[PDB]
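S.K.: What follows is a structure written as C-alpha cells; I'll ask about it next.
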Amino acid sequence: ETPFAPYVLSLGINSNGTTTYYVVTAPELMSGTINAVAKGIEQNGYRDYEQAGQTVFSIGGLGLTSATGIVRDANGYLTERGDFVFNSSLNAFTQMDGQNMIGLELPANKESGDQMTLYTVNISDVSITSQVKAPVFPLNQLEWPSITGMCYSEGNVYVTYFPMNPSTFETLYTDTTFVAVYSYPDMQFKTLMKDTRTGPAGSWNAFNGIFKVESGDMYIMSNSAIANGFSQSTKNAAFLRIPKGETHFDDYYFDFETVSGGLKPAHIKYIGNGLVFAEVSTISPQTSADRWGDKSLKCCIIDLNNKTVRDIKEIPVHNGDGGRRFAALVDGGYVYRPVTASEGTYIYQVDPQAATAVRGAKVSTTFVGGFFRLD
Ligand SMILES: [Fe+3]
C-alpha cells in the first residue's frame with residue numbers, strides 16, 4: 001500500500017460468479033500495474049461510488065441499503081468513516097453545496113408505496129441531516145419513473161427520468177423529454193418540463209440525465225439508446241439546455257445523432273468549458289438484440305459550444321460498464337478512462353483539445369466502479 005497516493009480506483013473483481021470491490025490507491029496512472037494484492041479495502045455486495053469534497057460515498061444496491069464514507073486517513077491511507085442508511089435505493093445522488101449531498105429515493109413500484117424521499121446528508125459527517133418526502137404522482141403520470149440524474153440549481157431540484165414499465169422494462173413514451181422541478185426544502189412539485197424535440201433525458205441507472213456547467217446552466221442528454229436499456233427509439237439523440245435557475249428549455253439544440261453519423265452516446269462526463277468526454281455506441285442500427293448490452297463503445301470529445309463530436313482514435317472499440325456511474329477522472333486538464341481491451345484493461349489518458357489518447361497503467365481487475373482523486 002502506497003502512503004499518500006492520490007488516485008483512488010474501485011476495482012470490481014468477479015469471483016465465484018459474484019463481484020467484490022477493492023478500493024485501492026494508486027500513485028501513478030501511466031506506468032506500473034494497479035492491482036489489489038495486499039492493498040485496498042474490501043467491500044461486498046453491489047456498490048457504486050460517488051465523490052464530493054474529500055469523501056467517496058460507496059452506495060449499496062441490489063438489496064444493499066447503506067452508504068459508506070471513504071476518506072483519506074491522517075496516515076495518507078484510505079479509511080471507511082461514517083455511514084448512513086435508507087430503505088430502498090438511492091435513485092439519484094448529487095451535491096448542492098460544499099457541505100451537503102442531495103439524494104432522491106423512489107419506491108420499486110406503485111404497490112411498494114406512493115412516497116419518494118429526499119435526503120440531505122452531511123458530506124463531512126456522512127449522516128442524514130434532513131429528510132423530506134413527497135408524492136410521486138407527476139412522475140408516473142405516463143408510467144412508473146426510472147431516474148437518470150438529478151442536480152440542484154438556485155433553490156430548485158431538477159430530476160430527469162423516463163417512464164418504464166417496472167415489470168417488463170418497456171419504454172413506450174420515448175418521444176418527449178421529461179424533467180420535473182421541485183422546491184428544495186419542501187420538495188414540492190412545481191412543473192414538469194416536457195420538450196418534444198427529442199426523447200427522454202438519460203438512460204437506465206446510468207446517471208447521465210443532467211449535468212450543470214460553470215455558468216450554472218444545466219445540460220441534459222437524450223439518447224433513446226436501446227443498447228442502454230430502452231425498448232424503442234423514436235426521436236434523435238441530442239443535448240438540450242435549461243438556463244440557470246429556470247424552468248423552461250431555451251432555444252439550444254445539439255442534434256448529436258445526426259452530427260455523429262447515426263450513433264447514440266452511452267456515457268458522458270463534463271470536463272469543463274463546453275467539453276464532454278463521451279462513450280458513444282458504434283452500433284448504428286440499435287436492435288433489440290443489442291439491448292442492455294452497451295457494447296462496442298468509442299471514446300469521443302463533445303464540444304457543446306461548437307456542437308462537434310471528435311473521435312479519440314487512440315482508444316480501441318470496447319464494451320462499456322453498462323447502466324452504472326461513468327468511471328472517468330478529470331485531472332490536470334486530462335481525462336483518464338479505464339478501457340477494457342482485448343489484451344487487458346488499461347488506463348487511457350485523453351487530451352481533450354487534441355482529442356488524443358495515450359495508453360497508461362494496466363489495471364488488474366474485471367472493471368472499475370469508481371475513479372477519483374484525493375488531496
Ligand atoms: Fe439489474
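Residues in the C-alpha cells are named by chain (A, B, ... in the order shown) and by number from 1 within that chain; ligands are numbered from 1 in the order shown.
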Around ligand 1, out to 12 Å and counting only C-alpha atoms and all ligand atoms, which residues are there? I want them as a ChimeraX atom specification.
M.R.: /A:46,61-63,166,169,204-206,229,292,322-324
S.K.: Print the selection's residues with C-alpha atoms to a file, as a compact mmCIF listing (two decimals), in the first residue's frame.
M.R.:
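Just written: part.txt:
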# COMPACT_ATOMS: atom_id res chain seq x y z
CA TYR A 46 -23.18 -4.23 -5.12
CA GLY A 61 -27.60 -1.55 -4.26
CA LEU A 62 -29.40 -4.74 -5.21
CA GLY A 63 -30.60 -5.06 -1.64
CA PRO A 166 -41.27 -1.68 -13.87
CA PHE A 169 -38.99 -2.86 -18.62
CA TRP A 204 -31.44 3.37 -17.06
CA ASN A 205 -29.32 3.62 -13.89
CA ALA A 206 -26.70 5.48 -15.95
CA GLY A 229 -31.90 -0.20 -21.72
CA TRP A 292 -28.85 -3.86 -22.16
CA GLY A 322 -23.50 -0.90 -18.57
CA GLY A 323 -26.04 1.10 -16.62
CA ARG A 324 -23.78 2.49 -13.90
S.K.: Compile the contact shell of region 302-313 of chain A as a VMD selection string: residues with an atom at most 7 Å away, counting only C-alpha atoms, same-chain residues fewer than 3 positions apart removed.
M.R.: chain A and resid 254 260 274 to 278 299 355 to 357
S.K.: Step one, run DSSP on the backbone; step two, keep only residues of region 198-323 of chain A assigned to strand (DSSP E or B); then write them as a CSV table (one decimal) with N, CA and C atoms, in the first residue's frame.
M.R.:
chain,number,residue,atom,x,y,z
A,201,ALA,N,-34.6,12.1,-21.3
A,201,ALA,CA,-33.2,12.5,-20.9
A,201,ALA,C,-32.6,11.4,-20.1
A,210,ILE,N,-28.6,14.6,-16.6
A,210,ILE,CA,-28.4,16.1,-16.5
A,210,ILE,C,-27.1,16.4,-15.8
A,211,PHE,N,-26.5,17.5,-16.2
A,211,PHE,CA,-25.3,18.0,-15.6
A,211,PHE,C,-25.2,19.5,-15.8
A,212,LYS,N,-24.8,20.2,-14.7
A,212,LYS,CA,-24.6,21.6,-14.8
A,212,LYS,C,-23.1,22.0,-15.0
A,218,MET,N,-27.7,24.2,-17.0
A,218,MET,CA,-27.7,22.8,-17.0
A,218,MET,C,-27.9,22.2,-18.4
A,219,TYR,N,-27.3,21.1,-18.7
A,219,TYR,CA,-27.5,20.4,-19.9
A,219,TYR,C,-28.1,19.0,-19.6
A,220,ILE,N,-28.9,18.6,-20.5
A,220,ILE,CA,-29.5,17.2,-20.5
A,220,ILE,C,-29.2,16.5,-21.8
A,221,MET,N,-29.0,15.2,-21.7
A,221,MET,CA,-28.7,14.4,-22.9
A,221,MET,C,-29.8,13.4,-23.1
A,222,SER,N,-30.4,13.3,-24.3
A,222,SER,CA,-31.4,12.3,-24.7
A,222,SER,C,-30.7,11.4,-25.7
A,238,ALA,N,-29.7,13.8,-28.7
A,238,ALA,CA,-29.3,15.2,-28.7
A,238,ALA,C,-29.0,15.7,-27.3
A,239,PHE,N,-28.6,17.0,-27.2
A,239,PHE,CA,-28.4,17.7,-26.0
A,239,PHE,C,-29.4,18.9,-25.9
A,240,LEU,N,-30.0,19.1,-24.8
A,240,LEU,CA,-30.8,20.3,-24.5
A,240,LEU,C,-30.2,21.1,-23.4
A,241,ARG,N,-30.6,22.4,-23.3
A,241,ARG,CA,-30.1,23.2,-22.2
A,241,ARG,C,-31.3,23.9,-21.4
A,242,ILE,N,-31.2,23.9,-20.1
A,242,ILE,CA,-32.1,24.6,-19.2
A,242,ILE,C,-31.3,25.7,-18.5
A,254,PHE,N,-28.7,20.6,-29.9
A,254,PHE,CA,-27.4,20.0,-30.4
A,254,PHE,C,-27.8,18.5,-30.8
A,255,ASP,N,-28.3,18.4,-32.1
A,255,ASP,CA,-28.6,17.1,-32.6
A,255,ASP,C,-27.4,16.2,-32.8
A,265,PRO,N,-25.0,8.3,-27.8
A,265,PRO,CA,-24.0,8.3,-26.8
A,265,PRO,C,-24.5,7.4,-25.6
A,266,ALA,N,-23.6,6.7,-25.0
A,266,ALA,CA,-23.9,5.8,-23.9
A,266,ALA,C,-23.5,6.4,-22.5
A,267,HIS,N,-22.4,7.1,-22.4
A,267,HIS,CA,-22.0,7.7,-21.2
A,267,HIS,C,-21.3,9.1,-21.5
A,268,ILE,N,-21.5,10.0,-20.6
A,268,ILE,CA,-21.0,11.4,-20.7
A,268,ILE,C,-20.4,11.8,-19.4
A,269,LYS,N,-19.4,12.7,-19.5
A,269,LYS,CA,-18.8,13.3,-18.3
A,269,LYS,C,-18.3,14.7,-18.7
A,270,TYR,N,-18.9,15.7,-18.1
A,270,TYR,CA,-18.5,17.0,-18.4
A,270,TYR,C,-17.1,17.3,-17.8
A,271,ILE,N,-16.2,17.8,-18.7
A,271,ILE,CA,-14.8,18.0,-18.3
A,271,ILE,C,-14.5,19.5,-18.3
A,272,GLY,N,-15.4,20.4,-18.6
A,272,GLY,CA,-15.2,21.8,-18.5
A,272,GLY,C,-15.1,22.6,-19.8
A,275,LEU,N,-16.7,21.1,-23.0
A,275,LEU,CA,-16.2,19.9,-23.5
A,275,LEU,C,-16.7,18.7,-22.6
A,276,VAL,N,-17.0,17.6,-23.3
A,276,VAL,CA,-17.6,16.4,-22.6
A,276,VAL,C,-16.8,15.2,-23.1
A,277,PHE,N,-16.3,14.4,-22.2
A,277,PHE,CA,-15.8,13.1,-22.5
A,277,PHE,C,-16.9,12.1,-22.6
A,278,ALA,N,-17.1,11.5,-23.8
A,278,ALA,CA,-18.2,10.6,-24.0
A,278,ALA,C,-17.8,9.3,-24.5
A,279,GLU,N,-18.6,8.2,-24.1
A,279,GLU,CA,-18.5,6.9,-24.8
A,279,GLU,C,-19.8,6.8,-25.6
A,280,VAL,N,-19.7,6.6,-26.9
A,280,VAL,CA,-20.8,6.5,-27.8
A,280,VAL,C,-20.8,5.1,-28.4
A,281,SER,N,-22.1,4.6,-28.7
A,281,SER,CA,-22.2,3.3,-29.3
A,281,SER,C,-22.0,3.3,-30.8
A,297,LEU,N,-18.2,0.4,-27.7
A,297,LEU,CA,-18.2,1.9,-27.4
A,297,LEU,C,-16.9,2.5,-27.9
A,298,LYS,N,-17.0,3.8,-28.3
A,298,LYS,CA,-16.0,4.6,-28.9
A,298,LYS,C,-15.9,5.9,-28.0
A,299,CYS,N,-14.7,6.3,-27.7
A,299,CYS,CA,-14.4,7.5,-26.9
A,299,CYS,C,-14.4,8.7,-27.8
A,300,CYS,N,-15.0,9.8,-27.4
A,300,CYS,CA,-15.2,11.0,-28.2
A,300,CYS,C,-15.1,12.2,-27.3
A,301,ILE,N,-14.8,13.3,-27.9
A,301,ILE,CA,-14.8,14.6,-27.3
A,301,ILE,C,-16.0,15.4,-27.9
A,302,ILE,N,-16.9,15.8,-27.0
A,302,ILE,CA,-18.1,16.5,-27.5
A,302,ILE,C,-17.9,18.0,-27.1
A,303,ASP,N,-17.9,18.9,-28.1
A,303,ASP,CA,-17.9,20.3,-28.0
A,303,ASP,C,-19.3,20.8,-28.1
A,308,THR,N,-19.8,19.8,-31.9
A,308,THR,CA,-19.0,18.9,-32.7
A,308,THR,C,-18.7,17.6,-31.8
A,309,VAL,N,-18.5,16.5,-32.5
A,309,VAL,CA,-18.1,15.2,-31.9
A,309,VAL,C,-16.8,14.7,-32.6
A,310,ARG,N,-15.7,14.6,-31.9
A,310,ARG,CA,-14.4,14.2,-32.4
A,310,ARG,C,-14.0,12.8,-31.8
A,311,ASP,N,-13.7,11.9,-32.7
A,311,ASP,CA,-13.4,10.5,-32.3
A,311,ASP,C,-12.0,10.6,-31.6
A,318,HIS,N,-14.5,-0.8,-27.4
A,318,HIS,CA,-14.6,-1.6,-26.3
A,318,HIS,C,-16.1,-1.6,-25.8
S.K.: Which residue gives the smallest distance to residue 90 (chain A) among A:136, A:147, A:26, A:330, with only C-alpha atoms counted?
M.R.: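 Looking at the shortest contact to residue 90 (chain A), the residue is A:147.
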S.K.: Residues near residue 196 (chain A), anyone? I mean within 7 Å using only C-alpha atoms, not counting same-chain ones fewer than 6 positions away, as a ChimeraX atom specification.
M.R.: /A:175-177
S.K.: Considering only C-alpha atoms, state which residue in the set A:57, A:162, A:77, A:182 is at the smallest distance from residue 125 (chain A).
M.R.: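 Closest to residue 125 (chain A) of all the choices is A:57.
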